[PDB]
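Novice: I need the structure of the sequence given here:
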Amino acid sequence: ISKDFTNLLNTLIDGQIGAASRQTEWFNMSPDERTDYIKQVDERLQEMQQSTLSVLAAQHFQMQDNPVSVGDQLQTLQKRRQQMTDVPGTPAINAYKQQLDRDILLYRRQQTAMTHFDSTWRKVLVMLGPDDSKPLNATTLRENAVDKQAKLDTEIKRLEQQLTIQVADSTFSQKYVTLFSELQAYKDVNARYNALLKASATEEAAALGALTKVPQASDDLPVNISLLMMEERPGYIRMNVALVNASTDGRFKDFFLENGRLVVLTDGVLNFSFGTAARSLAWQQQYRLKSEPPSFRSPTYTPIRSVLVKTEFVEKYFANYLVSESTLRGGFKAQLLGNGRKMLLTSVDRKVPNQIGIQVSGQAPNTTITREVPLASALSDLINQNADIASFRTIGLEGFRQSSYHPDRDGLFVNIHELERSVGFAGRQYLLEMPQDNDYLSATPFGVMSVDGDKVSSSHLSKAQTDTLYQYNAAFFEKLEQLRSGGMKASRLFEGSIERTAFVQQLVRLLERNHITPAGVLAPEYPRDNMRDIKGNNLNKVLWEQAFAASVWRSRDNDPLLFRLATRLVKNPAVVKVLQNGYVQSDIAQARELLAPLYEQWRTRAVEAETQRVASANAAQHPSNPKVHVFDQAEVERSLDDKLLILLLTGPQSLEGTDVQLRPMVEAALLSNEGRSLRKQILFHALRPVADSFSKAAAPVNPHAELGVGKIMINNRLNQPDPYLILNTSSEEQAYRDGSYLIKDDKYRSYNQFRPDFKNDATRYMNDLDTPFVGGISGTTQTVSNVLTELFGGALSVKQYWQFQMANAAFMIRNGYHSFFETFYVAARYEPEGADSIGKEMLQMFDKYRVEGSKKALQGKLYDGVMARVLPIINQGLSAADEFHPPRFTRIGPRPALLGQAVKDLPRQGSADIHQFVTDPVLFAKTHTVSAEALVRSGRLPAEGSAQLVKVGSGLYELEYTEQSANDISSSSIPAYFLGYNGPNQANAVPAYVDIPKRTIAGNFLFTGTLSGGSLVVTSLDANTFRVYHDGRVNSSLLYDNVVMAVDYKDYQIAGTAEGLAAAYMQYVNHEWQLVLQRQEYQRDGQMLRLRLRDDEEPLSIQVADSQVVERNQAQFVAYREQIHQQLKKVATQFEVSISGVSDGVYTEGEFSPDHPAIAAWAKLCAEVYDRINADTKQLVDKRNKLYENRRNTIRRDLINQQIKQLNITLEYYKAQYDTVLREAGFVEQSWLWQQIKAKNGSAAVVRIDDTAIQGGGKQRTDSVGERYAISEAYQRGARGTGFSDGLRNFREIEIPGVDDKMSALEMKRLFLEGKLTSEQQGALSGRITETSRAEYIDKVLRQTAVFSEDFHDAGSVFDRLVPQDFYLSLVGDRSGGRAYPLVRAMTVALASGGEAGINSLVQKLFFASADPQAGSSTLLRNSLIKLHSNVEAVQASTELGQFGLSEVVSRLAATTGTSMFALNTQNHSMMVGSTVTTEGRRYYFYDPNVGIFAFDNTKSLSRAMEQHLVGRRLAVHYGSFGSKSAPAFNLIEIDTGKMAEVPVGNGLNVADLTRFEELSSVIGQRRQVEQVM
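Specialist: Numbers count the residues shown, from 1 in each chain. There you are, the coordinates:
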């Protein structure tokens, strides 16, 4: 809370960053992350105070010998409290008191219950016994039976009744405990009495014993009283059941709420448990009680499902099980449920009482044979009867979803959240400081951490050490507690104080000692390449290396080599040495589980050997010793593990004898994924001792000059074991005993023993490359790779070598033994000499990148540099469908691959609410937002198809077109008629239309793409059919004739704005079509966007067919045009522009045009009044750029950042106030022009039936075939009768004249744009085009994105950003080639207006929009790059210069002055090229949308790069450039960034607006927040 504490944290943060070397756990944060970090700092400091210093207080106190006794627990605790009621208040003290108090309450309750139980037992024995005239004996008890059994029953009934009434009591109470104890005593004594009556003469004495044996020793409780102590509220126990994982897909056992009922996901679960631990293991050891065995806590670690359940149910079946005392139980008990079902109870733990394996089973419902089967539904219903429906909960569920989100990764931890989720967790143990040694050291409350190069240990604290540690740490924490509240005034840590500096010097080492550092706790969603992991390695490189290791590990590709290796290797005697390794014994333990039936059969053999041991010991002559007359556990266990090892190395073919009968089972096991992974993870461990056993000397075959010739500088480690990462992984509780201990060697210890030696040259080299570091250059990999020719017994092919060597590198990364680099370096040093060897290059490439990394962030360039050289050697034999490809490195975290195995088989499902929508479409449309986006990003929708909804959010559904039949109603789909989307260009003469029956039978709905600046017009074509037109012009309803229904822009326009958005569709209802309009908007909702129904007006409105609609609109349009001319006259007067002579020129002649003389006065007036504000705002635009240039380059972001916000607010006022006016003036002018053209020349001049009568704004515009095709496949103009869909569905059977499979994609695109073929032929040719196109894009570009990065690098580039291969503007058609033409037009605005920061922001936007393809922003972006394919405003921003050879283009750039940009718009594709010259010299840029954007300092370098790229690798021929193969010719188009920036892309966004440093939800927020608010 205190500002002073916040300033202190900011001070040490900034200072600790400034002190950083490379490789540090601090890094610079976002100014939002800053706050999340500080929040977690404060929270975890409070956790320390309550949960470790408090327990230390409980040992500085209690040092004096109070009365202590294991029996007088209550009294011991009571006096420990009265010892300390005098102690001053302090959070560690308060937490200690409160813990001791709650334990006092529990022990008091238990002691009360046990007392009243015993008194009741004695009372009932007196009641059942004879009068004092006789001794208590079985005879008199038998004589009493007929009366006093009924008396016992009567009392039991009375007690049960009274207790059931008392269960209405709101909390545990003396009466409740009393009655419960009485009931248990009566029940148990009744049972024992009846057993005595049933006891035989031989049992009678034992049953009388069991009656006289009162549990008065109190050595264990009555079971039901233990359950009483487990009750969470009187009459209820908390049940829980623990998941393997949250089972969203059914892979795991689960128990979850579904429709208010609780539901077990599977028919029985081994993982139930009851109750909850009374205290943490820390307190458990502080009381020095027995801790609960770890087999309760070990088996799972993910969120847990729990509810309160009625104690009677628990005590009926499960008290038979739940006793902690060793009552005889087998593996199982089967319990008859009253419905005739079984419940099976399973001894899933042989020691712990309160965790249970449970199964319900019974006669299979509705079956021909009475087989009993398990029944999850029966268990669910029985629980729902016995459960409370209230206070079901899942423990930690939000914590999981806010830190892991899902089962995150197949590799080691990266931050403490992933550590704490991992299987190694048990409980968060903070360490604290023991500073009274000469230098500071780390201690637990129980012990100080002894550390050694080999070993880490604790010596338990003697009293003087506890007094030191407590008094010091408490003195520090008291200061911290003061600073949060009394501030600097209280704490006296004034800015000049030496005490302040000492204090900070202590806090910083506290925050390092515990990994509360930023790299420890932030765990972001998408990792900026700045961020660093818990060891200070670069975060993104670690994530990528983990995803690489996983992908290599999962492929089935290398297995024929590795298992050949294993089959040979197993014959060496040294392999036995592998088994006594400590780490191998982690995982062969899992093999004992996987092969359990065989392993059991083996052990049943092995236990025979004991009999031969004892026999041999007796056969020895006159044995003076039981020489081996013993069961040697270690002998059998060794022999068994050795057998399991051999059966894992050599295949199941090794099975022999009777076990061949089980061999089909073993074969089925070992080929599982879990089988293969274990079967090789034991192999690589087995490899090391064998390699060592040859002792062949080191002899690398490739020399390297930079790092010492002839040797390697292996290992390169400093041993500096981290104590926190050790103790926060499960050591044995022997550490917790308050006794000195040596900690286990878990596998992670290999991850935690080592730290880089900054003095060594190899470290200096690696720190120049800035690889991750883990344990240095792998001398192990040297020792292995030196002898491969002897392990395999012959030379490897470079293919076989690189296969083995990549699998080994994956094994090393997977187990956390080394980095990628730490292995591949020695591989490249050891790669065999040979015609295809590649290590020489790889070394030179490392050196080349070293001399860079000392200066620049390599951002993964190294990994691509390696994979470019390895992959074509690995994949050398394979088909393109079967090649291996690793995940691809990116600025965002590593994304999945796009080729080969990773895709092979590795649509949205839709929701049945479609039937509700069908049932009441009006109510549905009133209550849910129906969006249409997928009806925009599909072109060429059929005339007839299946329509379905998909749910996306709360009341939010999307339509999709689909091919699935409605006769699978599970498709959630119905017959409907679609209408294609028409384009946004106001020059369009050819609207989209389709014809549908009056009195339809075939289908009852019609859908269209989202309306944004267009009209839906319904007209009556004849007696029986409507023609429905989607026209892309505003106000189009005025232009057609015989209009019977229409929705124009004005009907859904937000008044006083350019903004509008609406879904429109048609429905056949009450025997007539109804035009249904659902007005929408985009709205901001917590740094995201969503659609919603518009709430400021009726979201739905409806027209039946009408006649007067034309007149009704026309009057409105005339008035509105007059009114907007008033608006513009006003504003122009406000800026002093002369309106004289501005009026409509009488339309005399000619086609539609912008800047036609008739409107020229209005257009000029707009253009000028716009200039009067555009020049004005530019003065702030420059200032804003100056600001962003200082924001990127300074520490104190939040100082100046708000100024950005205020300048934005200022500008957006001007936009909101005047852009709307100018836009509306343009629209009303284009509309009046088109109306004049109709009025003079008739509708046939203003609507055309098809586009084949080629004409436009000029007689030809020489648009590339690529562009004119993409336009022809992202808008519908003309109808699409079924023939086109039939051709598309049959396109592999159909044949087309003058086409063959070896035509280029270009020559097909051309012939398709000839339009001469039938619709069935055009459908087939379209399909053939898309198939050929993506086959070529795969073969030419995705498979070679690696080498281009390196060509641009060593041609000399000075900045680069790869762009996502994956971002597509349409899921259908040619995905590859359609995005190029809009993207270059956006990018050139970005670059001209914001330089390298613009390019960064835009590529970030593309990345997010490809990672989350269905988030609101990624939809809006896709819907806003479309509408740049043919927007005539973009043609206003163009000038098609001639063809040029590349050299001339370069010379032209050299000739340019000031910023200038050019597209190349090659015949089938569009690179971009251009220059900026403002400062930092002249930088020349090049951009290929299939690869990335690159920059250069000099035109010589630029041409040297661009030639290599376009001709050196022949891509100019794949892009179909003009003229000769050598010296290709390109068009070029001198884009005017002054005008291109301002083209409308719908929803009121200028392209600049999508092209900006903020997120779209920011800009839209600012608009709503300054327009509608204020």
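Novice: where do the helices sit along the stretch 1351-1500 of the chain?
Specialist: 1375-1378, 1380-1411, 1416-1425, 1432-1435, 1446-1455, 1499-1507 (DSSP state H, counting those that start in this stretch).
Novice: residue 647 is nearest to which of the ones you listed?
Specialist: Of all those, it is helix 1380-1411 that lies closest to residue 647, at 44.2 Å by C-beta to C-beta. Every C-beta, even on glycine, is put in place using the N, C-alpha and C of the backbone.
Novice: list the buried residues for that closest one?
Specialist: 1380-1396, 1398-1411 (16 or more other C-beta atoms under 10 Å).
Novice: ok, back up a step: as CSV, the helices of the stretch 1351-1500 of the chain with distance to residue 756 would be great.
Specialist: Listed next are the helices of the stretch 1351-1500 of the chain as CSV, based on distance: least, C-beta to C-beta, whole Å:
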stretch, distance to residue 756
helix 1375-1378, 44
helix 1380-1411, 31
helix 1416-1425, 41
helix 1432-1435, 54
helix 1446-1455, 46
helix 1499-1507, 36
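Novice: which stretch among those helices comes nearest residue 715?
Specialist: Nearest of the helices of the stretch 1351-1500 of the chain (C-beta to C-beta): helix 1380-1411, 38.8 Å.
Novice: quick check: closest non-adjacent residue to residue 731.
Specialist: residue 743 (4.8 Å; C-beta to C-beta, 6 or more residues apart in numbering).
Novice: how about residues contacting stretch 178-193?
Specialist: 112-117, 120-121, 124-125, 128, 141, 145, 148-149, 152-153, 155-156, 159-160, 162-163, 166, 207, 210-211, 222, 224-225, 228 (C-beta atoms under 8 Å, 6 or more residues apart in numbering).
Novice: distance between it and the chain's centre?
Specialist: In terms of C-alpha atoms, centre = their mean, to the nearest Å, the centre of stretch 178-193 is set 55 Å apart from its chain centre.
Novice: buried ones in that stretch?
Specialist: Buried residues in stretch 178-193 (16+ other C-beta under 10 Å): 178-190, 192-193.
Novice: before we move on, what about stretch 341-360?
Specialist: Those would be 341-346, 348-349, 352-360, for stretch 341-360 by 16+ other C-beta under 10 Å.
Novice: how far does that stretch stretch from one end to the other?
Specialist: With C-alpha to C-alpha, to the nearest Å as the measure, the ends of stretch 341-360 fall 7 Å from one another.
Novice: for that stretch, the distance to its chain's centre please.
Specialist: 35 Å.
Novice: ditto for stretch 1041-1051
Specialist: For stretch 1041-1051, the distance to the chain centre is 46 Å (C-alpha atoms, centre = their mean).
Novice: now stretch 624-644
Specialist: 50 Å.
Novice: what's next to it, contact-wise?
Specialist: 576, 579, 588, 591-592, 595, 599, 602-603, 606-607, 609-610, 613-614, 616-618, 620, 623.
Novice: please, which helix or strand holds the nearest residue to residue 352 once chain neighbours are set aside?
Specialist: Leaving aside its sequence neighbours, residue 352 sits nearest to residue 296 (C-beta to C-beta, 6+ apart; 4.7 Å). Assigned by DSSP states H and E, residue 296 falls within helix 294-297.
Novice: mind saving the C-alpha coords of that helix as CSV?
Specialist: Below are the C-alpha coordinates for helix 294-297, written out as CSV (Å, rounded to 0.1, in the frame of the first residue of the first chain):
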residue,chain,number,x,y,z
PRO,A,294,4.0,-39.5,1.3
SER,A,295,2.1,-42.2,-0.6
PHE,A,296,-1.0,-40.1,0.3
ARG,A,297,0.6,-36.9,-1.1
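Novice: who touches the next helix or strand after it?
Specialist: Toward the C-terminus, helix 294-297 is succeeded by strand 304-310 as the next helix or strand (DSSP H and E). Strand 304-310 is contacted by residues 232-233, 235-243, 254-256, 262, 383, 386-388, 390-396 when judged by C-beta under 8 Å, 6+ apart.
Novice: so which of these belong to helices?
Specialist: 383, 386 (DSSP state H).
Novice: buried only: go through the contacts of strand 304-310 for me.
Specialist: Looks like those have 232-233, 235-243, 254-256, 262, 383, 386-387, 392, 394 buried, using 16+ other C-beta under 10 Å.
Novice: ok, so of the buried residues of stretch 178-193, who is nearest residue 890?
Specialist: For those, the nearest to residue 890 is residue 180 (63.1 Å; C-beta to C-beta).
Novice: just checking, the closest one is part of a helix?
Specialist: Yes - counting by DSSP: H, G, I helix; E, B strand; the rest coil, residue 180 is part of a helix.
Novice: what about it, distance to residue 174?
Specialist: Going from residue 180 to residue 174 by C-beta to C-beta, to the nearest Å gives 11 Å.
Novice: swap in residue 1407?
Specialist: For residue 1407, the distance to residue 174 - C-beta to C-beta - is 66 Å.
Novice: and if you look at residue 1493?
Specialist: 79 Å.
Novice: so between these two, which is more surrounded?
Specialist: residue 1493 (24 against 10; other C-beta atoms under 10 Å).
Novice: is that one bridged to anything, and to what?
Specialist: As for beta bridges, residue 1493 partners with residue 1361, residue 1487 under DSSP bridges.
Novice: re earlier: which ones among the contacts of strand 304-310 map onto strands?
Specialist: 232-233, 236-242, 255-256, 262, 393-395 (DSSP state E).
Novice: closest one of the residues you listed to residue 973?
Specialist: For those, the nearest to residue 973 is residue 256 (29.1 Å; C-beta to C-beta).
Novice: touching, that closest one and residue 266? I think so.
Specialist: No - with contact defined as C-beta atoms under 8 Å, residue 256 does not reach residue 266; the gap is 10.9 Å.
Novice: which stretch among the helices of the stretch 1351-1500 of the chain comes nearest residue 1358?
Specialist: helix 1499-1507 (8.6 Å).
Novice: the closest one to helix 1446-1455, inter-axis angle?
Specialist: If you take axes from the mean of the first three to the mean of the last three C-alpha atoms, to 10 degrees, helix 1499-1507 sits at 150 degrees to helix 1446-1455.
Novice: helices or strands next to helix 1499-1507 in the packing?
Specialist: Identification of packing neighbours for helix 1499-1507 by 3 or more C-beta pairs under 8 Å, 6 or more residues apart in numbering; DSSP states H and E yields helix 1345-1355, helix 1446-1455, strand 1483-1488, strand 1492-1496.
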